[PDB]
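data24.txt, holding compact mmCIF, C-alpha atoms and all ligand atoms:
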# COMPACT_ATOMS: atom_id res chain seq x y z
CA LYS A 941 -23.18 -6.86 47.77
CA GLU A 942 -24.37 -6.87 51.42
CA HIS A 943 -21.84 -9.53 52.55
CA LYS A 944 -24.53 -11.50 54.35
CA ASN A 945 -24.05 -15.07 53.05
CA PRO A 946 -20.37 -16.21 53.28
CA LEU A 947 -19.31 -19.17 51.13
CA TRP A 948 -15.97 -19.70 52.92
CA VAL A 949 -14.13 -18.26 55.91
CA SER A 950 -10.51 -18.90 56.86
CA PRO A 951 -10.35 -21.16 59.92
CA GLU A 952 -7.57 -19.17 61.56
CA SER A 953 -7.75 -15.56 62.68
CA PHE A 954 -4.73 -13.32 62.91
CA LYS A 955 -3.48 -10.53 65.13
CA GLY A 956 -0.33 -8.48 64.84
CA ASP A 957 1.55 -5.20 65.11
CA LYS A 958 1.74 -2.23 62.84
CA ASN A 959 4.50 -2.32 60.30
CA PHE A 960 6.32 0.44 62.07
CA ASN A 961 9.82 -0.30 60.77
CA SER A 962 11.99 1.65 63.16
CA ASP A 963 15.04 -0.26 61.86
CA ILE A 964 15.67 -3.11 59.41
CA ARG A 965 14.73 -5.97 61.77
CA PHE A 966 11.11 -4.76 61.70
CA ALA A 967 9.28 -5.85 58.60
CA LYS A 968 7.53 -3.15 56.56
CA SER A 969 4.83 -5.60 55.49
CA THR A 970 3.24 -8.85 56.64
CA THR A 971 2.20 -11.76 54.46
CA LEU A 972 -0.51 -13.88 56.08
CA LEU A 973 -0.79 -17.10 54.06
CA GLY A 974 -3.29 -18.50 56.52
CA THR A 975 -5.87 -16.36 54.73
CA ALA A 976 -5.54 -18.47 51.58
CA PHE A 977 -8.70 -19.23 49.55
CA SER A 978 -8.52 -22.12 47.06
CA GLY A 979 -12.06 -22.06 45.65
CA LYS A 980 -13.36 -24.63 48.10
CA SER A 981 -16.30 -23.64 50.27
CA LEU A 982 -17.05 -23.81 54.00
CA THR A 983 -17.74 -27.56 53.79
CA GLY A 984 -15.10 -28.51 51.23
CA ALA A 985 -17.51 -28.27 48.31
CA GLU A 986 -16.13 -26.69 45.20
CA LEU A 987 -17.51 -23.25 44.39
CA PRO A 988 -18.31 -22.74 40.71
CA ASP A 989 -16.54 -20.39 38.31
CA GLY A 990 -17.96 -16.89 38.73
CA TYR A 991 -17.53 -13.46 40.27
CA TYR A 992 -16.64 -13.32 43.96
CA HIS A 993 -15.66 -10.93 46.72
CA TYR A 994 -12.54 -11.78 48.69
CA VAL A 995 -13.04 -9.83 51.91
CA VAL A 996 -10.39 -9.35 54.56
CA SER A 997 -11.76 -8.12 57.87
CA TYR A 998 -10.07 -7.02 61.07
CA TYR A 999 -10.40 -4.87 64.22
CA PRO A 1000 -8.13 -2.13 65.62
CA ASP A 1001 -7.04 -3.02 69.11
CA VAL A 1002 -9.29 -0.35 70.61
CA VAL A 1003 -12.40 -1.31 72.55
CA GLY A 1004 -15.69 -0.48 70.92
CA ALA A 1005 -14.09 -0.01 67.51
CA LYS A 1006 -16.06 -0.94 64.40
CA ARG A 1007 -14.81 -3.86 62.34
CA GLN A 1008 -13.03 -2.81 59.17
CA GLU A 1009 -13.05 -4.76 55.97
CA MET A 1010 -11.41 -4.59 52.61
CA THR A 1011 -12.85 -6.16 49.54
CA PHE A 1012 -11.03 -7.41 46.43
CA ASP A 1013 -13.14 -8.30 43.40
CA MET A 1014 -12.14 -11.69 42.25
CA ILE A 1015 -12.88 -14.17 39.51
CA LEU A 1016 -12.98 -17.94 39.54
CA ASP A 1017 -12.08 -19.26 36.10
CA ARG A 1018 -11.00 -22.88 35.57
CA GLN A 1019 -11.59 -22.84 31.81
CA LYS A 1020 -8.76 -22.60 29.28
CA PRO A 1021 -9.13 -20.06 26.46
CA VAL A 1022 -10.48 -21.20 23.14
CA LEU A 1023 -8.30 -21.90 20.09
CA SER A 1024 -10.55 -21.86 17.04
CA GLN A 1025 -8.79 -21.15 13.73
CA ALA A 1026 -5.79 -19.46 12.19
CA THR A 1027 -4.69 -18.15 8.79
CA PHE A 1028 -1.24 -18.91 7.40
CA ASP A 1029 0.02 -16.97 4.34
CA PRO A 1030 2.82 -19.14 2.84
CA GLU A 1031 3.81 -16.04 0.83
CA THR A 1032 4.74 -13.96 3.88
CA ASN A 1033 4.94 -16.69 6.54
CA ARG A 1034 2.20 -14.68 8.26
CA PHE A 1035 0.32 -16.47 11.03
CA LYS A 1036 -2.86 -14.83 12.23
CA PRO A 1037 -5.29 -16.34 14.75
CA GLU A 1038 -9.01 -15.73 14.70
CA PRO A 1039 -10.55 -13.88 17.61
CA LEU A 1040 -8.93 -13.88 21.00
CA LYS A 1041 -11.53 -15.48 23.23
CA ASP A 1042 -11.61 -17.06 26.67
CA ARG A 1043 -13.93 -19.54 28.31
CA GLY A 1044 -15.05 -18.31 31.69
CA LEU A 1045 -14.70 -14.78 33.01
CA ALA A 1046 -11.01 -14.02 33.42
CA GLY A 1047 -10.51 -13.19 29.75
CA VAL A 1048 -7.61 -13.63 27.36
CA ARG A 1049 -4.53 -11.85 28.58
CA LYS A 1050 -1.86 -12.77 26.03
CA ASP A 1051 -1.18 -14.33 22.66
CA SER A 1052 2.16 -15.95 21.83
CA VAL A 1053 3.89 -18.29 19.37
CA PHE A 1054 7.04 -20.26 20.10
CA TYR A 1055 9.17 -23.09 18.79
CA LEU A 1056 11.59 -25.22 20.83
CA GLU A 1057 15.20 -24.42 20.11
CA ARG A 1058 16.92 -27.83 20.31
CA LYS A 1059 20.11 -27.43 22.37
CA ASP A 1060 22.33 -30.39 23.40
CA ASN A 1061 20.10 -32.53 21.15
CA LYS A 1062 17.29 -32.05 23.75
CA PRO A 1063 14.46 -29.47 23.77
CA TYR A 1064 14.69 -28.49 27.44
CA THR A 1065 17.20 -27.37 30.03
CA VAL A 1066 18.01 -28.70 33.48
CA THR A 1067 19.53 -26.09 35.81
CA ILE A 1068 20.90 -27.23 39.16
CA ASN A 1069 21.13 -24.82 42.10
CA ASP A 1070 23.98 -26.26 44.17
CA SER A 1071 23.54 -23.80 47.04
CA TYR A 1072 19.87 -24.40 47.73
CA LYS A 1073 20.07 -28.05 46.59
CA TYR A 1074 17.31 -27.78 44.00
CA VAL A 1075 16.90 -28.71 40.31
CA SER A 1076 14.50 -27.10 37.85
CA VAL A 1077 13.64 -28.01 34.26
CA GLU A 1078 12.32 -25.54 31.72
CA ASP A 1079 11.52 -25.80 28.03
CA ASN A 1080 13.75 -24.12 25.51
CA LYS A 1081 10.83 -21.97 24.35
CA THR A 1082 11.90 -19.35 21.84
CA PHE A 1083 9.23 -16.89 20.86
CA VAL A 1084 8.12 -15.12 17.69
CA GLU A 1085 7.52 -11.41 17.94
CA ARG A 1086 3.89 -10.38 17.63
CA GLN A 1087 3.17 -7.76 15.00
CA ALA A 1088 0.89 -4.86 15.87
CA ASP A 1089 -2.12 -6.41 14.10
CA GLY A 1090 -1.76 -9.52 16.25
CA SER A 1091 -0.03 -11.77 13.72
CA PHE A 1092 3.30 -13.55 13.79
CA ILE A 1093 5.86 -13.84 11.01
CA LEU A 1094 6.87 -17.49 11.60
CA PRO A 1095 10.59 -17.93 11.08
CA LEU A 1096 10.40 -21.12 8.97
CA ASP A 1097 14.14 -20.64 8.75
CA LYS A 1098 14.58 -21.81 12.32
CA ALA A 1099 11.90 -24.46 12.85
CA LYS A 1100 9.58 -26.57 10.75
CA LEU A 1101 6.11 -25.04 10.24
CA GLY A 1102 4.48 -27.83 12.15
CA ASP A 1103 7.01 -27.45 15.01
CA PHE A 1104 5.65 -24.11 16.21
CA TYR A 1105 3.14 -23.91 19.05
CA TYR A 1106 0.41 -21.32 19.49
CA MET A 1107 -0.17 -20.37 23.10
CA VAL A 1108 -3.03 -18.42 24.64
CA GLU A 1109 -3.14 -17.37 28.28
CA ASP A 1110 -6.04 -15.93 30.25
CA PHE A 1111 -5.79 -14.10 33.58
CA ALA A 1112 -6.02 -16.58 36.47
CA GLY A 1113 -3.46 -18.76 34.74
CA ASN A 1114 -5.32 -20.98 32.32
CA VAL A 1115 -3.08 -21.86 29.37
CA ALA A 1116 -4.04 -23.44 26.04
CA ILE A 1117 -1.14 -24.62 23.84
CA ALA A 1118 -1.60 -26.15 20.40
CA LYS A 1119 1.15 -27.49 18.17
CA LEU A 1120 0.52 -26.75 14.47
CA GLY A 1121 -0.03 -30.46 13.62
CA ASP A 1122 -3.66 -30.59 12.51
CA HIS A 1123 -2.10 -29.62 9.16
CA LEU A 1124 -2.45 -30.43 5.48
CA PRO A 1125 -0.15 -33.01 3.79
CA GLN A 1126 1.04 -31.01 0.74
CA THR A 1127 -0.14 -27.37 1.13
CA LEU A 1128 2.57 -24.77 1.48
CA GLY A 1129 3.70 -22.25 -1.16
CA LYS A 1130 0.20 -21.99 -2.64
CA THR A 1131 -2.69 -19.82 -1.39
CA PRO A 1132 -3.13 -18.79 2.27
CA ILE A 1133 -4.71 -21.59 4.34
CA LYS A 1134 -7.02 -21.76 7.34
CA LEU A 1135 -5.55 -24.04 10.01
CA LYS A 1136 -7.33 -25.81 12.87
CA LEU A 1137 -5.91 -25.58 16.38
CA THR A 1138 -6.79 -27.92 19.26
CA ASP A 1139 -5.20 -27.58 22.70
CA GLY A 1140 -2.69 -30.31 23.20
CA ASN A 1141 -3.68 -30.91 26.83
CA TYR A 1142 -0.21 -30.25 28.12
CA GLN A 1143 -0.14 -29.89 31.88
CA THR A 1144 2.22 -29.02 34.74
CA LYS A 1145 1.27 -31.66 37.33
CA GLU A 1146 0.66 -35.35 36.73
CA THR A 1147 -1.12 -36.97 39.67
CA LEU A 1148 -0.34 -40.22 41.53
CA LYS A 1149 0.40 -43.54 39.78
CA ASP A 1150 -2.39 -46.00 40.66
CA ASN A 1151 -1.63 -49.54 39.26
CA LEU A 1152 -2.93 -51.45 42.35
CA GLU A 1153 -5.70 -53.94 41.35
CA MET A 1154 -7.44 -54.59 44.73
CA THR A 1155 -8.12 -58.00 46.27
CA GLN A 1156 -10.77 -58.71 48.91
CA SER A 1157 -8.09 -59.64 51.50
CA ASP A 1158 -7.35 -55.89 51.54
CA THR A 1159 -9.04 -53.48 53.90
CA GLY A 1160 -9.61 -51.24 50.90
CA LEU A 1161 -7.56 -48.42 52.41
CA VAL A 1162 -4.79 -46.81 50.34
CA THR A 1163 -2.17 -44.19 51.14
CA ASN A 1164 0.83 -42.53 49.56
CA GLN A 1165 4.53 -43.35 49.87
CA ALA A 1166 7.64 -41.43 48.98
CA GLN A 1167 11.35 -41.55 49.72
CA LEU A 1168 11.96 -38.50 51.86
CA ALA A 1169 15.07 -36.58 50.94
CA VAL A 1170 18.11 -35.92 53.08
CA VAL A 1171 20.02 -33.34 51.03
CA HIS A 1172 17.94 -32.11 48.11
CA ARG A 1173 14.72 -30.14 48.32
CA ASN A 1174 12.91 -31.29 45.19
CA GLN A 1175 9.59 -33.14 45.48
CA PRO A 1176 10.29 -36.91 45.52
CA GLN A 1177 8.44 -39.50 43.46
CA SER A 1178 5.35 -40.66 45.39
CA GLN A 1179 3.19 -43.74 44.63
CA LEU A 1180 0.09 -45.41 46.11
CA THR A 1181 0.21 -48.42 48.45
CA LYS A 1182 -2.44 -50.58 50.10
CA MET A 1183 -2.72 -50.09 53.84
CA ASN A 1184 -4.34 -53.22 55.45
CA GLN A 1185 -1.71 -52.55 58.20
CA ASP A 1186 -0.67 -49.58 60.37
CA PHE A 1187 -3.67 -47.25 60.18
CA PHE A 1188 -1.72 -44.03 60.74
CA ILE A 1189 -1.10 -40.93 58.66
CA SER A 1190 1.42 -38.05 58.71
CA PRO A 1191 -0.69 -35.16 57.28
CA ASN A 1192 2.11 -32.77 56.16
CA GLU A 1193 2.15 -33.29 52.36
CA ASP A 1194 5.63 -34.82 52.80
CA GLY A 1195 4.75 -37.38 50.11
CA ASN A 1196 4.48 -40.23 52.65
CA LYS A 1197 1.35 -41.57 54.39
CA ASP A 1198 -0.33 -38.24 54.24
CA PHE A 1199 -3.90 -39.46 53.68
CA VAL A 1200 -6.32 -42.39 54.11
CA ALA A 1201 -8.41 -43.30 51.09
CA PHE A 1202 -10.78 -46.04 50.04
CA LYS A 1203 -10.68 -48.08 46.84
CA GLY A 1204 -13.19 -50.81 45.93
CA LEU A 1205 -12.57 -54.16 44.29
CA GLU A 1206 -12.51 -52.81 40.61
CA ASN A 1207 -15.51 -54.95 39.58
CA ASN A 1208 -17.88 -54.42 42.53
CA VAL A 1209 -20.40 -51.60 42.48
CA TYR A 1210 -20.28 -48.92 45.16
CA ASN A 1211 -23.14 -46.71 44.03
CA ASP A 1212 -23.48 -43.49 46.06
CA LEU A 1213 -20.23 -43.78 48.02
CA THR A 1214 -19.77 -41.68 51.17
CA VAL A 1215 -16.81 -41.42 53.58
CA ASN A 1216 -17.29 -39.85 57.04
CA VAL A 1217 -14.67 -39.11 59.74
CA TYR A 1218 -15.80 -38.93 63.42
CA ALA A 1219 -13.71 -38.49 66.57
CA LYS A 1220 -12.67 -41.05 69.16
CA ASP A 1221 -15.19 -39.76 71.72
CA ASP A 1222 -18.21 -39.73 69.39
CA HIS A 1223 -19.05 -43.41 69.88
CA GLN A 1224 -22.47 -43.04 68.18
CA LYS A 1225 -21.12 -41.39 64.96
CA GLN A 1226 -23.55 -38.47 64.95
CA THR A 1227 -21.32 -35.51 64.19
CA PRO A 1228 -18.73 -35.87 61.37
CA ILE A 1229 -15.42 -34.06 61.72
CA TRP A 1230 -14.98 -34.43 57.96
CA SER A 1231 -17.02 -35.69 55.06
CA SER A 1232 -16.64 -36.44 51.39
CA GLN A 1233 -18.56 -34.36 48.88
CA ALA A 1234 -21.15 -35.39 46.31
CA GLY A 1235 -19.98 -37.64 43.50
CA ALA A 1236 -17.67 -39.67 45.68
CA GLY A 1237 -16.60 -42.83 43.87
CA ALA A 1238 -14.57 -45.83 45.05
CA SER A 1239 -12.35 -45.57 41.97
CA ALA A 1240 -11.41 -41.86 42.13
CA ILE A 1241 -9.20 -41.92 45.23
CA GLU A 1242 -9.08 -38.14 45.68
CA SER A 1243 -12.83 -38.27 46.28
CA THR A 1244 -12.22 -40.24 49.49
CA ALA A 1245 -8.76 -39.13 50.62
CA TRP A 1246 -8.97 -37.82 54.18
CA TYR A 1247 -5.82 -35.72 54.73
CA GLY A 1248 -6.15 -35.41 58.50
CA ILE A 1249 -8.24 -32.25 58.00
CA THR A 1250 -11.61 -31.12 59.20
CA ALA A 1251 -14.04 -30.27 56.43
CA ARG A 1252 -13.54 -26.56 57.18
CA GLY A 1253 -9.91 -27.17 56.19
CA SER A 1254 -7.79 -27.17 59.33
CA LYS A 1255 -5.61 -30.02 60.59
CA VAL A 1256 -7.11 -32.36 63.19
CA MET A 1257 -5.40 -32.84 66.54
CA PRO A 1258 -3.14 -35.84 67.05
CA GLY A 1259 -5.16 -38.82 68.21
CA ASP A 1260 -7.60 -41.52 67.19
CA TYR A 1261 -10.33 -41.00 64.57
CA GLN A 1262 -13.02 -43.11 62.92
CA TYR A 1263 -13.04 -43.42 59.10
CA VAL A 1264 -16.42 -44.90 58.24
CA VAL A 1265 -17.26 -45.92 54.66
CA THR A 1266 -20.81 -46.37 53.32
CA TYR A 1267 -22.08 -47.63 49.95
CA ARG A 1268 -24.89 -49.69 48.38
CA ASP A 1269 -24.18 -52.56 45.96
CA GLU A 1270 -26.44 -54.24 43.40
CA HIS A 1271 -28.31 -54.78 46.65
CA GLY A 1272 -27.87 -52.15 49.32
CA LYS A 1273 -26.86 -51.41 52.93
CA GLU A 1274 -23.71 -53.52 52.27
CA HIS A 1275 -21.77 -50.80 54.00
CA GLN A 1276 -20.35 -49.48 57.24
CA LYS A 1277 -16.70 -50.45 56.91
CA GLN A 1278 -15.13 -49.09 60.14
CA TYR A 1279 -11.48 -48.13 60.10
CA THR A 1280 -9.78 -46.46 63.10
CA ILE A 1281 -6.91 -44.18 61.90
CA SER A 1282 -4.69 -42.30 64.39
CA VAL A 1283 -2.71 -39.22 63.41
CA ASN A 1284 0.67 -38.31 65.06
CA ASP A 1285 2.80 -35.89 62.94
CA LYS A 1286 5.86 -36.02 65.28
CA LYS A 1287 9.12 -37.09 63.61
CA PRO A 1288 10.61 -39.92 65.69
CA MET A 1289 13.57 -39.71 68.04
CA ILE A 1290 16.88 -41.23 66.95
CA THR A 1291 18.84 -42.41 69.98
CA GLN A 1292 22.61 -42.73 69.86
CA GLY A 1293 23.98 -46.14 69.01
CA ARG A 1294 26.80 -48.31 70.13
CA CA A 1301 -10.91 -18.82 31.06
Would you put the structure from the file into structure tokens?
Ligand SMILES: [Ca+2]
Amino acid sequence: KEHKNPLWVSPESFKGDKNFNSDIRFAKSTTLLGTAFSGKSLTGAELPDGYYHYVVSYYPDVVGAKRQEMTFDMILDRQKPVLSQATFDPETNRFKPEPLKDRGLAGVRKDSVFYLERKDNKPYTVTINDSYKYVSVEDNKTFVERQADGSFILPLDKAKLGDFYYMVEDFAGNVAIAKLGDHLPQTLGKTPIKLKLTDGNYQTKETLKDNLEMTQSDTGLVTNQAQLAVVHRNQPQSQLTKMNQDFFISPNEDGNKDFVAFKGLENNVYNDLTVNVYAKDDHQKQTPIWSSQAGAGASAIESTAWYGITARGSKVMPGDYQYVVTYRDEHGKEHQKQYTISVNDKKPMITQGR
């Protein structure tokens, strides 16, 4: 409560004018996305789920003025709500979950039940925005009203019983969805039944496609690759590629060569793996610009992916850097693999042709 021990501080500071808005061309508010907190601490470590204080602090531009702050209470919750049991009354079509309960602190914010209206013999919809050159896909979710006692009269008219989904959302955006498919072979019509729900582990993102199978003739470095668009503004399909040539990265999340990572031979042991990044002028490797966290493994690439950042979070300057890898095998000190990556985020210069 004293704000003495800070777990993270934004690397940039900001200064600006009052939102005085004398005419339209003067904004009435200012969004400062540089103050973004993503649950990672001052060294890149991940702070655990819990209660936090998100504190914004600033100074009037008057000398001798006390620093002002403003505190938002704020939860970290990475835990989906729980789906335990439900009751289905085949005599009313009445679907009634057990308790609403969340894992973590955010708490359950909403119950819902939906089936997928099949339209065009597909269950989703692709909408193309021809003016901003952007395509979006969205399910054809069609929902079932929630009665006041928290139950749902399932319209078995419109979708098979097992083709409904029960969805529970907590604040902070954890979602648990369960299709009613942990069912009973020949039980409708008869007595009410208690039904088991398990979250179907649906997701929004699916991470990079590995499929690489390292040889020893490889440096061990890997990076990403993606075909960068010319007209559209969707996110292109990116895949991993071995480096062993051209130790450079473009850290701009463009999809392409945005990070250096290390992957071991798939059957060698790298127990207690650590990646450190030092600068070109630190020829003794004392002071790391960036470091991996605990639990770094040579098979989880995100544990070793240096994205041209300092640990604190900000982007390194263009120039040469040292990416030093250390591990111990079935016998140890079989480490210190020294790569020298340079950065350069300047798009090249197309000269006119003949
Ligand atoms: Ca939760």
With all atoms listed in the file counted, which protein, DNA or RNA residues have an atom no more than 8 Å from (-1.6, -42.9, 42.6) in the file frame? Please answer as a list in words.
residues 1147, 1148, 1149, 1150, 1151, 1164, 1178, 1179 and 1180 of chain A
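Between ligand CA 1301 (chain A) and the residues A:1106, A:1263, A:1187, A:1111, the shortest atom-to-atom distance, using all atoms listed in the file, involves A:1111.
Nearest residue to residue 1244 in chain A among A:1217, A:1201, A:1101, A:1264 is A:1201, counting all atoms listed in the file.
Closest approach to ligand CA 1301 (chain A) from the set A:943, A:1110, A:991, A:1070 is made by A:1110, with distances taken over only C-alpha atoms and all ligand atoms.
Taking all atoms listed in the file into account, residue 1272 in chain A lies nearest to A:1209 out of the set A:1152, A:1209, A:976, A:1219.
For the set A:1100, A:1018, A:1086, A:941, the residue with the smallest atom-to-atom gap to ligand CA 1301 (chain A) is A:1018, counting only C-alpha atoms and all ligand atoms.
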Give me the residues of chain A that have any atom at most 7 Å from an atom of ligand CA 1301 (chain A); for each, the nearest atom pair and the distance in Å, rounded to one decimal. Use only C-alpha atoms and all ligand atoms, sort by chain and number, and format it as CSV.
residue,atom,partner,partner_atom,distance
A:1017,CA,A:CA1301,CA,5.2
A:1018,CA,A:CA1301,CA,6.1
A:1019,CA,A:CA1301,CA,4.1
A:1020,CA,A:CA1301,CA,4.7
A:1021,CA,A:CA1301,CA,5.1
A:1042,CA,A:CA1301,CA,4.8
A:1043,CA,A:CA1301,CA,4.1
A:1044,CA,A:CA1301,CA,4.2
A:1045,CA,A:CA1301,CA,5.9
A:1046,CA,A:CA1301,CA,5.3
A:1047,CA,A:CA1301,CA,5.8
A:1110,CA,A:CA1301,CA,5.7
A:1114,CA,A:CA1301,CA,6.1
The centre and edge lengths of an axis-aligned box containing all atoms of range 1049-1053 of chain A present in the file, extended by 5 Å on each side, are to be given in Å to one decimal, as lines of an AutoDock Vina configuration file.
center_x = -0.3
center_y = -15.1
center_z = 24.0
size_x = 18.4
size_y = 16.4
size_z = 19.2
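Each of A:1199, A:1033, A:1014, A:1131 was checked against residue 1112 in chain A using all atoms listed in the file; the smallest atom-to-atom distance is that of A:1014.
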Separation of CA of residue 945 in chain A from CA of residue 996 in chain A in Å
14.9 Å
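The interatomic distance for the pair CA of residue 1213 in chain A and CA of residue 1238 in chain A works out to 6.7 Å.
Rounded to one decimal, CA of residue 1278 in chain A and CA of residue 1190 in chain A lie 19.9 Å from each other.
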Near range 1183-1186 of chain A, counting all atoms listed in the file, which residues have an atom at most 9 Å away, once you skip same-chain residues fewer than 6 positions from it, shown as a PyMOL selection string?
chain A and resi 1157-1163+1200+1281
Fewer than 6 positions away in the same chain doesn't count, so skip those; otherwise give me all residues within 7 Å of residue 1074 in chain A, counting all atoms listed in the file, as a ChimeraX atom specification.
/A:1068,1172-1174
Next, the residues of the selection above should be written as an mmCIF file, in the coordinates of the input with C-alpha atoms.
data_model
loop_
_atom_site.group_PDB
_atom_site.id
_atom_site.type_symbol
_atom_site.label_atom_id
_atom_site.label_comp_id
_atom_site.auth_asym_id
_atom_site.auth_seq_id
_atom_site.Cartn_x
_atom_site.Cartn_y
_atom_site.Cartn_z
ATOM 1 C CA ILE A 1068 20.900 -27.230 39.160
ATOM 2 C CA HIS A 1172 17.940 -32.110 48.110
ATOM 3 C CA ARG A 1173 14.720 -30.140 48.320
ATOM 4 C CA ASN A 1174 12.910 -31.290 45.190
#
